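**Student:** Experimental structure and sequence below, a few questions after.
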Amino acid sequence: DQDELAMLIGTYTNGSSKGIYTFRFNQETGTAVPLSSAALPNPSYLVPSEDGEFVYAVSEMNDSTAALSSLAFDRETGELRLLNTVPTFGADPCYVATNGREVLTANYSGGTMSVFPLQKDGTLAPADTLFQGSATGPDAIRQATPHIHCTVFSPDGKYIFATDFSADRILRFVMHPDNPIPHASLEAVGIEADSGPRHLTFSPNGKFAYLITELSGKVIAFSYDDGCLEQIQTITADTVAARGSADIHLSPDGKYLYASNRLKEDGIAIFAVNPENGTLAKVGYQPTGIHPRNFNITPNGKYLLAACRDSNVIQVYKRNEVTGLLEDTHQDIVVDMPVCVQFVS
């Protein structure tokens, strides 16, 4: 039961999928049992609350119906209950984060970040403020209008970072101790032109942050200290430059970094992380099912689960703690268009 976790799968609902699918996943055997489901349009990204009692899921719509929903989650039965839905006021919300006081969405087509204060019952108050991203990048198709692709809380609980995808930079927001709405910083952290910064993650020790760039197919490593991101290294994640890189995660011991690639030679690039200076070096590559837009690693670090949207499976890989390399267990979880994997302990 200790190694039996609650797993939440987010999807695109244009196919046979009806929304969020819940499972009981064993982080020792890598076995999964279907539990329940919640009907919700395009919940492409979802996040559970720290206590695992609430789930916040986007409805990735390219219009005025674009929304964020709050759900009550029953950890033991895997059942979900819709509580409330509020508009994002920004098309294509594709990422969601929570610190328990507020909820954030990255509105890709809106080109904005929406900030939702949480209500005492865990439901969402309407989006209080939206913060505007910019379009200055040279990709005429992908960087034509502002796109926000990630909205993350800094591990010291004082800042918010957002990927300004079309302006090749990372936006910084200073959090207030009392107000759930942050202050926008006057300066952003610039990266190489034609990068398309997609997802940002912090190392388990909170001293480093790593960015996966969609267009340049790079992993960008940063030292992190009290709101300051300092670039220390750029490394190739996608050697065929398919301009379709997606997700990034470190193993919970912080020793290995994983970055996923789509469109061509779909798979996961594996890097060893230097303990003292946070630099990266490739250890291998894992070819996966088609379109690994999202993946996650179990809390014990024993398994890597890769959601392959076009293969309609979540592939279960056994992680070698020592080498960082992956072994397909061939215990595929069949879901139509899986695009988000979250765990609840």
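**Tutor:** Received, thanks. Numbers count the residues shown, from 1 in each chain.
**Student:** my guess is residue 323 is in a helix, correct?
**Tutor:** No - applying DSSP: H, G, I helix; E, B strand; the rest coil, one finds residue 323 to be coil, outside a helix.
**Student:** which residues touch it?
**Tutor:** For residue 323, the contact set (CB atoms under 8 Å, 6 or more residues apart in numbering) comprises residue 283. In this view, the C-beta of every residue, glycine as well, is placed from N, C-alpha and C.
**Student:** when you give positions from now on, start the count at 640
**Tutor:** OK, 640 is where the count begins now, so the last one is residue 962.
**Student:** Next, work out how far apart it and residue 723 are.
**Tutor:** Distance of residue 962 to residue 723, given as CB to CB, to the nearest Å: 46 Å.
**Student:** contacting residues for residue 652?
**Tutor:** Going by CB under 8 Å, 6+ apart, residue 652 touches 658, 679-682, 976.
**Student:** what about it, is that helix, strand or coil?
**Tutor:** Under three-state DSSP, the three-state class of residue 652 is coil.
**Student:** distance of it from residue 664?
**Tutor:** Applying CB to CB, the value for residue 652 to residue 664 is 22 Å.
**Student:** before we move on, the earlier item: so which of the contacts of residue 652 is the most crowded?
**Tutor:** residue 682 (32 neighbours; other CB atoms under 10 Å).
**Student:** State the distance from the residue nearest to it when sequence neighbours are not counted to residue 862.
**Tutor:** Nearest residue to residue 682 in three dimensions, chain neighbours excluded: residue 696, at 4.0 Å (CB to CB, 6 or more residues apart in numbering). The gap separating residue 696 from residue 862 is 33 Å, by CB to CB.
**Student:** more neighbours, those two?
**Tutor:** Set residue 696 next to residue 862 and count neighbours by other CB under 10 Å: residue 696 wins out with 30 against 16.
**Student:** Would you check that that one makes contact with residue 685?
**Tutor:** Yes - using CB atoms under 8 Å, residue 696 is in contact with residue 685, at 3.8 Å.
**Student:** can you list residues touching both of these two?
**Tutor:** With contacts defined as CB under 8 Å, 6+ apart, the residues shared by residue 696 and residue 685 are 649, 659, 735.
**Student:** now, which of those sits nearest residue 827?
**Tutor:** Using CB to CB, residue 735 is the member of these that lies nearest residue 827, at 21.6 Å.
**Student:** what about the closest one, neighbour count?
**Tutor:** Counted with other CB under 10 Å, the neighbours of residue 735 add up to 26.
**Student:** now the one helix or strand it maps to, how far from the centre of its chain.
**Tutor:** Using DSSP states H and E, residue 735 maps to strand 732-737. Here strand 732-737 shows a centroid-to-chain-centroid distance of 8 Å under the convention CA atoms, centre = their mean, to the nearest Å.
**Student:** What of stretch 859-870?
**Tutor:** Per CA atoms, centre = their mean, the displacement of stretch 859-870 from the mean C-alpha position of its chain is 19 Å.
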